[PDB]
Amino acid sequence: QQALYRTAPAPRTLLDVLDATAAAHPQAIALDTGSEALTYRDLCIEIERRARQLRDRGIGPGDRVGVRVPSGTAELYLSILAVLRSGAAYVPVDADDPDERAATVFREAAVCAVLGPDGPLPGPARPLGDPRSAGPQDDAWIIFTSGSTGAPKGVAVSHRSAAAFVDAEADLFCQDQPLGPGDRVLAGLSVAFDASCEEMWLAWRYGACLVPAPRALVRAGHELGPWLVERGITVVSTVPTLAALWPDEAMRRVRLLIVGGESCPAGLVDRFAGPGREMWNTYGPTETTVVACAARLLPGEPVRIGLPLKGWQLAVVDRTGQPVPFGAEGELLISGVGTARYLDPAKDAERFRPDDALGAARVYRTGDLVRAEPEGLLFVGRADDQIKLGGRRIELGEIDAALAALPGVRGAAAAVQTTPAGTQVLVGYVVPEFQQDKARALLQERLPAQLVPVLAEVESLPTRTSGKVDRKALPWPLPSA
Ligand SMILES: NCCCC[C@H](N)C(=O)OP(=O)(O)OC[C@H]1O[C@@H](n2cnc3c(N)ncnc32)[C@H](O)[C@@H]1O
């Protein structure tokens, strides 16, 4: 019973966080889109004018309000804050997602309204008219996580959890030179993906300024670089597949780089970590509020996912459910202040259960394999529903890493594909900065024959709405184009 990581946090709401910042930094720039540039004082005024409209419709605690507003716009973030201010919880769907996914989420969340680009629209449910403002027990957001084999499911996160996450991160990044007025935070992640909550509060927890960018820009590295320099961005939170394809010097003047959501390739550390830039790995399921553990990424060190945030508790366990010893691998379990819940009672019953190991009623079973060391966890891969090639269980991450390690490759992803006749091919998709016949030879020296993937060059790797790699979207079968 050695792989247990424990921690000791003051409960409050996200409105408490914003209002404390606004009180301390009333004249600092909170939100900056070029067109509009709002001090914290004017941000609150604009928030209140929008929240008043929602209250007039009866929206308050207990209500769920959809948000479907284009990225990179002031109104997107003003609308989210307006919902929170009114005491309701917001339910974000990316504007560029399909209308079909949007209808599913809003129906499944039972929203009483959705904020569209030209004003409020109807929601399947009706507001409940509670006049109170939110307390820590009230939901702040409901974010859908795609899952692992089924359809995406709604995760409801309380203000207490969301605030605990934001306050936890205030003890983590840049302790030597804290975030504050003068820092300028990119907001480029989809609001449907809860890492965008990290973006938002990396500004609003400290009196720094949020600088939204449209999602398309974040996927276009040659255009993003000049834009970040122009905007004076100092803080970037992103996803490895996105950043992999960015121009190397697209992070100059960025002093805090955070990656999360999928495995951070060793090469990204080599590209960005060093004196004058804190680079951090962050790991966490939507089910335990954005981030559960983090590690500084430094050159010459293995990539770790790290140690728990203040309020999170981690256990690594065998099949038996008992904690493994240091050096061993096991499934990661998470409890503490960040554990959320599923909307669907049945889904909640199978993922949140008591576990004697951590001694808590609600423990989230992540389904992730990790290796436990006293200085931090190392991510391994799936603990269940593992990819099969033929009949053999394989870990894609090891193939991803071997492809990324090739000379002349900026980014790579593997996939087990099914041929039209119904057999299987392991394919390695590679974005060259590269000689194919010579890359294959290197793969043959480092991988068992059955794990040497068929190589395919591609100009970029497709991403999901969150920014993680979209393996289903990689080209297949392989054109000679
Ligand atoms: N900076 C904020 C980051 C927040 C990430 C977000 N909460 C999230 O990813 O949540 P989900 O979209 O629900 O899926 C979580 C699952 O993705 C994998 N994962 C997340 N971070 C990872 C990391 N740093 N390294 C390797 N794998 C990671 C895990 O399989 C994890 O179960």
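Residue numbers start at 1 and run along the sequence shown. Each ligand, and each atom within it, is numbered from 1 in the order the structure gives. Just the heavy atoms: all of them, side chains too, but no hydrogens, waters or symmetry mates, feed the values below.
Counting heavy atoms closer than 4.0 Å to ligand 1, residue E262 contributes backbone atoms (N, CA, C, O) but none from C-beta onward.
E262 and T241 are linked by a side-chain donor-acceptor pair at a separation below 3.5 angstrom, with hydrogens and angles left out of the test. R464 and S146 form a side-chain donor-acceptor contact under 3.5 Å, judged by distance and modelled atom types alone. Residues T234 and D183 have side chains that bring a donor and an acceptor to within less than 3.5 angstrom of each other. Inspection of the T465 and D97 side chains reveals an N or O donor paired with an N or O acceptor under 3.5 Å. In the model, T463 has no side-chain atom that pairs as donor or acceptor with a side-chain atom of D470 under 3.5 Å. Side chains of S237 and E199: a donor-acceptor N/O pair is absent below 3.5 angstrom, by distance only.
Protein heavy atom at the shortest distance from atom 29 (C) of ligand 1 is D368 OD2, 3.3 Å. Atom 13 (O) of ligand 1 has its closest protein heavy atom at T145 OG1, 2.8 Å. The single protein non-hydrogen atom nearest to atom 21 (N) of ligand 1 is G261 N, 3.1 Å, given as residue, atom name and distance. The protein heavy atom nearest to atom 2 (C) of ligand 1 is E198 OE1, 3.4 Å. In this structure, atom 8 (C) of ligand 1 lies nearest to the protein heavy atom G284 O, 3.0 Å. Scanning the protein heavy atoms around atom 12 (O) of ligand 1, the nearest turns out to be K468 NZ, 3.0 Å.
The shortest N or O to N or O distance between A195 and ligand 1 is not below 3.5 Å. In terms of polar-atom proximity, defined here as any N/O pair under 3.5 Å, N281 does make such a contact with ligand 1.
Judged by distance alone, with hydrogens and angles left aside, the side-chain atoms of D63 form no donor-acceptor pair with the main-chain N or O of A88 at under 3.5 Å. Remark: side-chain polar atoms of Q313 are not paired, donor with acceptor, to backbone N or O of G336 under 3.5 angstrom. Here the side chain of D400 pairs a donor or acceptor atom with the backbone of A414 at under 3.5 angstrom.
Residues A89 and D139 come closest through the heavy atom pair CB-O, 3.4 Å.
Close approach of ligand 1 to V291 is summarised as follows: ligand atoms under 4.0 Å from at least one heavy atom of the residue are 2 (C). Ligand 1 places these atoms under 4.0 Å from at least one heavy atom of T282: 1 (N), 2 (C), 3 (C), 21 (N), 23 (C), 24 (N). For ligand 1, the atoms lying closer than 4.0 Å to a non-hydrogen atom of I258 are 1 (N). Of all atoms in ligand 1, numbered sequentially from 1 with element shown, those under 4.0 Å from a heavy atom of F379 are 26 (C), 27 (N). Residue-ligand proximity, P285 to ligand 1, at heavy-atom distances under 4.0 Å covers atoms 7 (N), 10 (O), 15 (C). Each of the atoms 4 (C), 6 (C), 7 (N) of ligand 1 lies under 4.0 Å from some heavy atom of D194.
For the pair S466 and ligand 1, no heavy-atom separation below 4.0 Å is found. Heavy-atom distances between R382 and ligand 1 stay at or above 4.0 Å for every pair.
The side-chain hydrogen bond (donor to acceptor under 3.5 Å, both in side chains) test with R362 singles out one residue from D348, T288, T339, and that residue is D348.
Ranked by closest heavy atom to atom 4 (C) of ligand 1, the top entry among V290, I305, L369 is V290.
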